[PDB]
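K.L.:
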Amino acid sequence: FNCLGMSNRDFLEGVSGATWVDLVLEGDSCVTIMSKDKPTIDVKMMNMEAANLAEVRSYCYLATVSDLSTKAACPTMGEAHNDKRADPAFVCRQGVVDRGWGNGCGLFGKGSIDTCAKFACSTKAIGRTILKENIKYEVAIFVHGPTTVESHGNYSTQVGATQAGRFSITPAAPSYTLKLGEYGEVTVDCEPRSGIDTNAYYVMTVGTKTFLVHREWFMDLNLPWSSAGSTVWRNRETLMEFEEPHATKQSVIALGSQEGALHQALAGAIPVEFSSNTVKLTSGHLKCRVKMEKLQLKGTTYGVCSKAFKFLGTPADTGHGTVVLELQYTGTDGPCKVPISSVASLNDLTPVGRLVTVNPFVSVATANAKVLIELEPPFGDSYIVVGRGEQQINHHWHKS
Ligand SMILES: *[C@H]1O[C@H](CO[C@H]2O[C@@H](C)[C@@H](O)[C@@H](O)[C@@H]2O)[C@@H](O[C@H]2O[C@H](CO)[C@@H](O)[C@H](O)[C@H]2NC(C)=O)[C@H](O)[C@H]1NC(C)=O
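Written as structure tokens, this is what we have:
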């Protein structure tokens with residue numbers, strides 16, 4: 001929900017004197033944004049899903065091909081009408097059988113025949129739609145306020161500290177104004193627009209493995225089917241019945257169910273994880289405008305920390321041209337600003353390393369508190385320093 005530690009991170013400084021910034025978020029990526037005299041924040045897209053879906057069709061693979069019927073009609077006696085023709089209880093089909101004396105009929109020749117088999121469904125290869133209106137985005141915003149190696153990744157702690165949030169964006173309401181306590185608030189206006197595949201594709205569901213198929217390959221396929229009712233049409237797939245029998249019994253062999261027909265057209269349609277009501281879309285992006293003239297600093301009326309500061313370990317390389325590290329404050333005094341900067345050479349007057357964790361400070365008054373810090377040092381060798389004079393400590397670093 002925040003950027004630290006992610007490989008898909010991008011640092012931004014909107015514009016000069018800008019209270020807003022235009023941005024682009026995508027799947028597994030994050031973005032850290034900096035702005036003069038204001039907290040740093042991380043905008044990050046968490047999830048992409050198609051919610052509130054609706055079914056469209058339902059092809060079956062089937063069972064019930066058990067009950068039989070064979071309404072017999074003697075030659076010249078006309079056609080045969082099976083009572084099992086009043087209700088879709090069964091599927092009927094007429095035929096004719098060569099007969100006569102040999103089998104109870106008076107004349108010789110073709111006699112009518114109208115048998116019927118039953119139909120209900122077993123495994124429904126269900127499928128649904130994705131209204132562009134069903135697309136909802138989940139953006140998470142973090143605030144680079146006080147943290148520790150520990151609490152930095154705990155969403156809970158952070159929310160509690162009002163230094164994080166997770167809201168959703170929809171075509172309905174593409175914006176939001178996330179309030180962050182005394183830090184004011186950030187208001188994004190993400191524009192659902194994105195470079196992705198049009199809703200044109202259907203939502204194919206097969207047993208467990210969900211897939212995304214082409215409207216037509218799907219709709220224009222050959223298998224029994226049913227929209228939103230218990231009523232099924234084209235059940236003709238109850239085939240291979242017409243052994244072209246006798247009036248006694250017309251073998252109604254249940255058509256062998258060969259999942260190959262489906263499977264075979266696997267690769268074509270893209271696979272997708274789908275929970276009863278959700279469809280996580282993987283490909284997609286979002287253009288946002290992080291307006292933040294309402295984002296504001298905090299603890300700016302406090303004094304500078306004046307007590308020893310100790311490193312808790314070799315700073316680490318984020319792989320982004322910045323490093324992380326955690327301090328510990330011997331200080332007994334309360335919430336004070338942390339005097340840390342990046343100096344080009346011991347005891348220089350002017351800094352050179354910009355802090356990602358701008359305006360850092362010991363959150364509590366409980367001595368020996370920890371402070372996490374991410375900063376970008378200059379290239380080549382440099383020194384990180386905390387405190388000043390004879391309290392001041394330091395640790396060297398060399399960027400490449
Ligand atoms: C963040 O959320 C929970 C907060 O507990 C922490 O609170 C801070 C202020 C500090 O005092 C920490 O020392 C303390 O642990 C914790 O998460 C809880 O739920 C997790 C569920 O997987 C579980 O792993 C964890 O043990 C449990 N801790 C508690 C409240 O007893 C945890 O600190 C951290 N959550 C995680 C694990 O990321």
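Under the entry's author numbering, the residue at position 86 of the sequence shown is numbered 86, and the numbers go up by one with no gaps. Where a beta carbon is used, it is the ideal one built from N, C-alpha and C, also for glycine.
With distances taken between CB atoms, is the gap from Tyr176 to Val56 smaller than 8 Å?
P.N.:
no
K.L.:
Compare the beta carbon distance of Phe311 and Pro146 with 8 Å and say whether it is the shorter of the two.
P.N.:
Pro146 is positioned such that its CB atom lies no closer than 8 Å to that of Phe311.
K.L.:
Looking at the secondary structure, which residues open and close the beta strand (DSSP E) in which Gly160 lies?
P.N.:
Unbroken run through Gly160 is the alpha helix (DSSP H), 155-160; no beta strand (DSSP E).
K.L.:
State yes or no: is the C-beta of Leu375 within less than 8 Å of the C-beta of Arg354?
P.N.:
yes
K.L.:
In chain order, what residues of the same chain lie with their CB nearer than 8 Å to the CB of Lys118, ignoring the 5 residues before and after it?
P.N.:
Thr64, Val65, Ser66, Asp67, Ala89, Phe90, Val91
K.L.:
Could I get the ranges of all uninterrupted alpha helix (DSSP H) runs contained in the segment 145-214, with 4 residues as the minimum, in chain order?
P.N.:
155-160
K.L.:
Hey, would you say the C-beta of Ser363 is under 7 Å away from at least one heavy atom of ligand 2?
P.N.:
Questions concerning ligand 2 fall outside what the structure shown contains, since the ligands it does hold are ligand 1.
K.L.:
CA-CA distance, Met77 and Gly106?
P.N.:
10 Å
K.L.:
Would you report the Cα separation of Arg99 and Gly260, rounded to the nearest angstrom?
P.N.:
41 Å
K.L.:
Going along the chain, which unbroken runs of the beta strand (DSSP E) with 3 or more residues stay wholly within the segment 36-86?
P.N.:
38-51, 54-61, 70-72
K.L.:
Is it a yes or a no for the segment 276-295 touching the segment 192-199, going by three-plus beta-carbon pairs under 8 Å?
P.N.:
yes
K.L.:
Can you give me the C-alpha to C-alpha distance between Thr278 and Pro174, rounded to a whole angstrom?
P.N.:
Each residue's alpha carbon lies about 20 Å from the other.
K.L.:
Can you pull the DSSP bridge partners for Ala344?
P.N.:
For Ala344, which the question treats as bridged, DSSP gives no partner whatsoever.
K.L.:
What's the gap between the Cα of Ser69 and the Cα of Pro75?
P.N.:
19 Å
K.L.:
Per the DSSP calculation, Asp317 is bridged to which residue(s)?
P.N.:
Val323
K.L.:
Mark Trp101 as exposed unless 16 or more other C-beta atoms lie within 10 angstroms of its C-beta, in which case mark it buried.
P.N.:
It is exposed - the Cβ of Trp101 has fewer than 16 other Cβ atoms within 10 Å.
K.L.:
Of the residues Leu349, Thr366, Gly321, which one's Cα is nearest the Cα of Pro335?
P.N.:
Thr366
K.L.:
What's the gap between the Cα of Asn347 and the Cα of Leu23?
P.N.:
Approximately 39 Å between the Cα atoms of the pair.
K.L.:
Once you ignore the five residues that flank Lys294 on each side, which residues in its own chain have a CB closer than 6 Å to its CB?
P.N.:
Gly184, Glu185
K.L.:
Among all the DSSP beta bridges, which residues are the ones paired with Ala140?
P.N.:
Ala140 pairs with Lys44, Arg166.
K.L.:
Tell me, please, which residues DSSP counts as bridged to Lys280.
P.N.:
Answer is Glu49.
K.L.:
Helix, strand or coil, according to DSSP, for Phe218 in the structure here?
P.N.:
Of the three classes helix, strand and coil, the one that applies to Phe218 here is helix, per DSSP.
K.L.:
In angstroms, rounded to a whole number, what distance separates the CA positions of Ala125 and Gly313?
P.N.:
57 Å
K.L.:
Three or more C-beta pairs closer than 8 Å, one from the segment 270-277 and one from the segment 208-223: is that the case here?
P.N.:
yes
K.L.:
Span of the beta strand (DSSP E) holding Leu372?
P.N.:
370-376
K.L.:
For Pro245 and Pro224, what's the separation of their Cα atoms in angstroms?
P.N.:
25 Å
K.L.:
Check each residue's C-beta against every heavy atom of ligand 1 and list, in chain order, those closer than 7 Å.
P.N.:
Residues flagged by the Cβ proximity filter: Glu150, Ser151, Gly153, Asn154, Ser156, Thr157.
K.L.:
Of the choices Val290, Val386, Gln94, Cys121, whose alpha-carbon is the least far from that of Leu372?
P.N.:
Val386
K.L.:
Would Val290 pass as a contact of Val188 if the rule is Cβ separation under 8 Å?
P.N.:
yes
K.L.:
Buried or exposed for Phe379, going by 16 or more other Cβ atoms inside 10 Å?
P.N.:
exposed
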